[PDB]
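Just so you know, all these numbers are worked out from the coordinates, no wet-lab data involved. Virtual Cβ from ideal backbone geometry, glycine too; neighbours counted across all protein chains shown.
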Amino acid sequence: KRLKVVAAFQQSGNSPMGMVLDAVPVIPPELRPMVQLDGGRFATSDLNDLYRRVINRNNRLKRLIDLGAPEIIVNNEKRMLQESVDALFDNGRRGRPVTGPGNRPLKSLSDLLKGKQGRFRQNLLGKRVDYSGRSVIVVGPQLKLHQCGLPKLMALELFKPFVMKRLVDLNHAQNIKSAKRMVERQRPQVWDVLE
Amino acid sequence: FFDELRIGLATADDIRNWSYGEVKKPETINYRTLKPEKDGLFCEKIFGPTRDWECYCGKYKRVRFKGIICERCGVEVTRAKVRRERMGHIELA
Amino acid sequence: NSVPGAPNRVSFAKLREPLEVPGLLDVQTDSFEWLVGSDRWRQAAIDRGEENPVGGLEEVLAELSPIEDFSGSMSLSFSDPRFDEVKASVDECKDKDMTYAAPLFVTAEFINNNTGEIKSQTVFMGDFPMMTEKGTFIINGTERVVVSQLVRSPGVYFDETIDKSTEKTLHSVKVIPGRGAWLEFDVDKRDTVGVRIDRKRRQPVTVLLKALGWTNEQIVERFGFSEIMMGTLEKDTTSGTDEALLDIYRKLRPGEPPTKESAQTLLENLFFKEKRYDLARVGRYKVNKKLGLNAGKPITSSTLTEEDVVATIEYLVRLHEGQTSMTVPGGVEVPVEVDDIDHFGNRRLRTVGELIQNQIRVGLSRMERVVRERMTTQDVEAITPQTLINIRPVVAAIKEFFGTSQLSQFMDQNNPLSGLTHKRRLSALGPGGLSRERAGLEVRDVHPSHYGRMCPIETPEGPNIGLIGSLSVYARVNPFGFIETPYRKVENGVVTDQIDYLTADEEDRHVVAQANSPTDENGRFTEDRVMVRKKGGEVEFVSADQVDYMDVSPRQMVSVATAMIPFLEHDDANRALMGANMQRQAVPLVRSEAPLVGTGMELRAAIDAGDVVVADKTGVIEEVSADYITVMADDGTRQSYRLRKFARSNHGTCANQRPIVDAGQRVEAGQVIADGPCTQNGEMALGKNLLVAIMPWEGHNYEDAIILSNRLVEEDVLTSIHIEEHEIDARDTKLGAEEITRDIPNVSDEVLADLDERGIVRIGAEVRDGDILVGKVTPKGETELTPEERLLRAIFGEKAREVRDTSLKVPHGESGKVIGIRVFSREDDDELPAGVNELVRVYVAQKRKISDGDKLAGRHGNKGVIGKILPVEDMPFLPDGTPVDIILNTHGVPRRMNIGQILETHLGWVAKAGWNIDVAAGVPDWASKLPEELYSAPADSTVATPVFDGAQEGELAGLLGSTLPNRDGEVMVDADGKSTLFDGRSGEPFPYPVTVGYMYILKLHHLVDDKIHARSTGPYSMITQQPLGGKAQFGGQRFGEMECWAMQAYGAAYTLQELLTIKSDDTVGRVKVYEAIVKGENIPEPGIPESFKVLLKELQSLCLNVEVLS
Amino acid sequence: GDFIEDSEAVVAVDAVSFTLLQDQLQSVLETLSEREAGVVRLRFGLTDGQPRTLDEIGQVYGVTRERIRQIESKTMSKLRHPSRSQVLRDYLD
Amino acid sequence: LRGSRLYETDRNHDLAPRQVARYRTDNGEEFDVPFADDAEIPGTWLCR
Ligand SMILES: [Zn+2]
């Protein structure tokens, strides 16, 4: 078992020094957005909260070392920084998870791509798509094996761009804006082109 | 057109090279004027401008200056969508 | 008979009901009255056989007080809660969007021990939400219900398991308190008795006994019966109480160094001090009953005691040995047996009162902590309760529970039955309950103890199967939280009028006979042997002298909804469950009518739901309008009732009350004077009764599809009114306040034609998709207009207007008339949220007719969507010219085992067309047991067939064979229930007769109108940039992993690629493809979806050097 | 986060209409004006996104100040003719 | 329910002229900054 791990560093061009960090990276803000919700409220991903804590502690240590605090306080600050970084990478792994309002644990980096939710199984292997609809089904006994009955409104919504093109090129609308306006109000000329 | 995807163990040098600036303040946005604070999270000098070709102080506000770093605030004038691809780092003691 | 009105409805019931159905809302109201404490509750408790009853608030306050600070020098206490009056009324709170609460006052006393002062006075504890007459809470103008929670009661539980290695039987016991460390004993495969204290490592129980103060002689004296006890004692290395104490302290608290006083006081505070270990009031009673301790004395101290620990050890040891009975010294004899935790003798019910009490306790604990913090920070002379009492935590906890707790739920207001069933819901989830992902088969299966307490039919069909149920009709809740059911005392084989309410564990010691057993007028059993249930819930024949209890009614086991399925006994459990669930989804219709055939419950339920208006006092009606009813009581008092008209319900269904009484009509207290949404003449009318033919028709009813006649559309038989509310708000912004205006930039003059002068839409207008409802505008600020826009404005001389349009527009696919508008302006009071200056609500109502795709269903779980609506001339018609209304396929019934619907159809046809049983040659044999009232009835006469006591097979056959003729003196339906139909299209008669009758079809709230949305392009996600989901937005359909597997199986590489890149998150590809489609060009090549880039730059974080090579 | 729509994502149809407006404007009305188009292009900056004051034309070319304004007024008047002012009258919104 | 966060003809042939500076840090790390021809280069800069 030990050789399984040791051989990886031996038979490669990488050193195990990477397990100790001297500079933690920061994700771009857009992936942790601070969006101004309607009415002036702000919604923030809790990830950027974790980061803040790290920085705070990392600042305090820099102060304590500067003025020569007793070794006990410096060691306590170093331990706190270690725990903060650990929770940033993986919250709740070692100790009790960090919680904000209420009692719900914060979502760490690992949680963003860990399980059923996240990115791998929720945003990479399968995703929501445009030009799609859904509706209840009923039996059509007069249909052929290769035919299906599509509601008028659903078909219009699905084919809106094609309908707009066929409206503008047939001189029903003078431009794309006029064709879109005509389709939204569903004037009679739309249904002739839809079929 | 990708040939292969290689994973490795990032070192301090790689992390520093990835970054466009060190984050050394926990501030995200000021309470009034709701704009990003300097040197903190969401900093424009590090992660890029919030608007397209508009620096913090507004000296440069048009596409013609694309690529120029404002000498008064340090914000590069580029697409606002660079804020989802610019990384920062924290140098911890 | 109970209701003065009592619309005529002959009943097939052959058994007289010895007990009247109790109040169906008692579970909520009685619990809430106990919580706050009311005079009627005090009187009931006194009469029940209790002295000095204590309410929930009083109990919590007594638990909190008295308090003394650390290093005690002065004390505080609370007492005497009081409620004065509700600030506002029900409908004022509903309209104004405020909670319906009343202020609470408690007298607080502060005492200085040094001098003996008393700063006693009243303190305002906050606004306590109050329960309405219907048993609901109005929070922020929304009606909510608190559902009772099923939870394992505190106590001591023993069990046994067969080992895998040795295959020995190993017995374990666990003590489960309300709060406190967990204590559990065990027996190992090495034949040793150990204990785990506070989830610590196992050790022999002898060390625990020694530490408790037992020398090595009393253990031998008491536990001399068993041999494993002696094995453990001999193997125990520790000697003396002091030796054991040190080891226990080291193990439990290895961190701090051991000491003498701390070691001595360790176990004392761990279990035997109420401030840190407390069995609930129920827990102490259960422990006493299990171990036979403190037999026959009031329970005041609930904390654990040293006697019960050794009692539990003795019980476990004896149970492992194999002894049946056991008696501890100073205690009564009790049996020795394991405990199944699914038995309702173990599972108890937290009512709304207890749920609120827990949150009050938490809030008071936080308040007490704050009081302790503030007590030793200011002077001890000029200190008063007000200064150091902060009421914020308790009100905050109360508000959090109602608005956040999973148990506090948004009321289901589809129809009165839905709301009634919601209030009688028993849930196993919620805090302290089960988890949907951690619930096996055993918990969700039906247990024999459920009989008469939890209905086995009514329960969710989906993943919540068996975790959520409904209270039975006659079930009652014991103050400890256990569910009791009534039974008739029978002695010497004679049924007696005495009725006793028994609990599951209490009835397990008796033999109960079913209600439907023959009995003479005297009461003595006619038969020699009777059917009964035994201890294990096993069914058996026994002699009539062995029975000591009897069921109150045949329908003791069913709930309210299940009680309204006629011919329930002829329907399979699955279909009965489906029908009961469906009954709660029926939407109200424009006009309602009661079923031809039903149970006797429809009446009572309708009154209990509280949607109908009942006269308070006997009198004579004075004035009857569509808006109010004025009644002059028998005395000089007169009362006016306000009728709700076109009021939107919680689910956008019209709630409309209309009078049924006439001017100058005498009415009695408890008599219905106005009908509710889904009621007709005081009964519950959820659907419509209509003519049905059972046959396949050209494949349009294939696979559960349904065909309807166009008449139901022309006559609005299945039409319903649906109302929706739209809200807009004008508030402040850093660029200036946004104003509600009638002028909007870049809008045609015709568009704003129906807008009021203020900018709000006019009442009575007909708004369609995209129409303006309220006009609003917001400041822009910076413009930086593009050069092309600047030139376009210059050539047209249009101002660069300061404001942008933000008007409220009708959502996609909506329509209907505007019926109501509400305006709140901060200027005229209107205490709106901070920053909001104007609030406008617009109500749009639309009338929906039955159409293709709408879902209908019966009362037997025969659901289906409408596939075809035919003109009247196409439907098959009776030989007299009458066309049928619905065609149901014949291939469903036999395989689904819901044959009860065929009997429903037969009896409905019998009811619609009157019947008369000839009695010239005596009475027919089949009609021997029919009551006289059923010998003959006129046309359109309603009937009642109670479940498990109703119309019988032969009676139904005879009634089919003895119907009256039609207007032409002929019978359309023969004695077998079938009739000869004519083909509407071809015109020739069908070769064989077809079953025809009347069925009660109800319209479920599943309409294609509100689930059709499609999408071509819409809003996207912030981070992943993928389309949003949901009909609320322009939701895109999810192309899940299984769909990708299917596409790979087909080998459709290109379709999959375009689905996953172009149509989801290829930001550049999306716009380029739209441009190509509009311009009529080839689709461009996809590339690099944004989600992969996000994943790459997320893995770059947490120090992984992910990179792409070439 | 699954319910907050992005308010900066490019709207497809709009992004099309604009490029049509830029296509139906730069082509027809610009070309029928011969060299009088140039002054309009610099005036509004639709050629490089650089609006220019009157003098910025006279700083190099020999045209004078008031003549440029007269040309601008004449072009403004004659380009509003319905025959050529109706095709561009649908992109105002 | 919607939120918000805090299109010009792209051209590569023509761009505003720029001049490149050069800075050394205490550790000997070299950095370059493109400034406009307006100059006004500060004596000290903040590096990455
Ligand atoms: Zn600048």
For B:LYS59, go through the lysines and keep the ones whose alpha-carbon is under 26 Å away, minus same-chain ones fewer than eight residues off. B:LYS24, B:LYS25, B:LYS35, B:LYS38, B:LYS45, B:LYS81, C:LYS734, C:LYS780
Tell me the mean residue ellipticity at 222 nm calculated for chain C from its helices only (DSSP H runs of n ≥ 4, each -39500 (n - 2.57), averaged over every residue, nearest 500). -7000 deg cm²/dmol
Taking the Cα centre of each part, how many Å lie between region C:451-471 and region C:494-547? 26 Å
Which is the longest part of chain B that has none of the chymotrypsin sites (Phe, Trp or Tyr not before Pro) sitting in a DSSP loop with at most 15 other Cβ atoms within 10 Å? B:32-93
If each of B:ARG79 and C:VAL90 carries a label point 7 Å out from its Cα toward its Cβ, how far apart are those two points in nm? 6.1 nm
To the nearest 0.05, the calculated FRET efficiency linking D:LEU92 and C:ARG374 through their beta-carbon distance, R0 being 51 Å, is 0.15
With eigenvalues of the C-alpha gyration tensor scaled by 5 and rooted, chain E, Å: 31, 21, 11
Mind listing the long-range amide H neighbours of C:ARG804? Cut-off is under 5 Å, sequence gap 5 or more, other chains count too, H placed in the peptide plane at 1.01 Å from N. C:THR778, C:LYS780
Over the residues of chain D, compute the C-alpha Rg and express it relative to 2.2 N^0.38 Å. 1.42
Could you pull out the GluC sites (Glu not before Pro) across region C:1028-1081 that fall in loop regions by DSSP (anything but H, G, I, E, B) with no more than 14 other Cβ atoms inside 10 Å? C:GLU1081
Taking Rh as the Kirkwood radius computed over C-alpha pairs, what is the Stokes-Einstein D of region C:556-598 at 25 °C in a medium of viscosity 0.890 mPa s, expressed in µm² per second? 210 µm²/s
Can you figure out the FRET efficiency of C:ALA669 with C:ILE67, using R₀ = 51 Å and their beta-carbon distance, to the nearest 0.05? 0.55
Hits among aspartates and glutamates - C-alpha to C-alpha of C:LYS189 under 13 Å, sequence gap 8 or more where chains match: C:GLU160, C:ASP163, C:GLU167
GluC sites (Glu not before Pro) within region C:518-612, DSSP loop, no more than 13 other Cβ atoms inside 10 Å: C:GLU521, C:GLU527, C:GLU538
Translational D (Stokes-Einstein, µm²/s) of region A:58-109 at 37 °C and 0.692 mPa s when Rh comes from the Kirkwood sum over C-alpha pairs? 268 µm²/s
C:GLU724-A:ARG41 pseudo-label distance in nm [points 7 Å out on the Cα-to-Cβ vector]: 2.2 nm
Run through region D:32-77 and list the GluC sites (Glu not before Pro) located in a DSSP loop whose Cβ has at most 11 other Cβ atoms within 10 Å. D:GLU34
Can you list the HN-Hα couplings for region C:40-50, worked out from phi with the Karplus curve (6.51, -1.76, 1.60; θ = phi - 60°), rounded to whole Hz and with x for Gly and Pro? 5, 4, 4, 5, 5, 5, 4, 5, 5, x, 10
Quick one: which residues, 5+ away or cross-chain, put their amide H under 5 Å from the amide H of C:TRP915? H built at 1.01 Å from N. C:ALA937, C:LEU964
Starting from the 7 Å offset along Cα-to-Cβ, what nm value, one decimal, do you get for the label separation of C:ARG202 and C:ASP572? 4.7 nm
From other protein chains only, count the Cβ atoms within 10 Å of every residue's Cβ in D:11-24, then give the mean. 6
Taking alpha-carbon centroids only, region C:713-762 lies from region C:774-794 a number of Å equal to 23 Å
Per residue of region D:46-60, in order, report the coupling 6.51 cos²θ - 1.76 cosθ + 1.60 (Karplus, θ = phi - 60°) as ³J(HN,Hα) in whole Hz, putting x for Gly and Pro. 6, 8, 9, x, 10, x, 10, 6, 4, 4, 5, 8, x, 5, 10
Which residues' amide hydrogens lie under 5 Å from the amide hydrogen of C:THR519, considering only partners 5 or more residues apart or on another chain, with H built in the peptide plane? C:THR526
Whole-number D in µm² s⁻¹ for chain C, Kirkwood Cα-pair radius fed into Stokes-Einstein, 20 °C, 1.002 mPa s: 60 µm²/s
If the cut-off is a Cα-Cα distance under 25 Å, which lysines reach C:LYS534, setting aside same-chain residues fewer than 8 apart in sequence? C:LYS286, C:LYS289, C:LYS290, C:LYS489
As computed over the protein assembly as shown, the Cα convex hull volume per residue (Å³): 285 Å³
Helical mean residue ellipticity (222 nm; -39500 (n - 2.57) per DSSP H run of 4+; nearest 500) of chain A: -13500 deg cm²/dmol
Counting only the backbone N, which residues of region C:213-233 are under 20 Å from the spot 7 Å out from the Cα of C:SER239 toward its beta-carbon? C:213-221, C:230-233
Per-residue ³J(HN,Hα) for region C:775-783, Karplus 6.51 cos²θ - 1.76 cosθ + 1.60, θ = phi - 60°, Hz, x for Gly and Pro: x, 9, 8, 10, x, 8, x, 5, 10
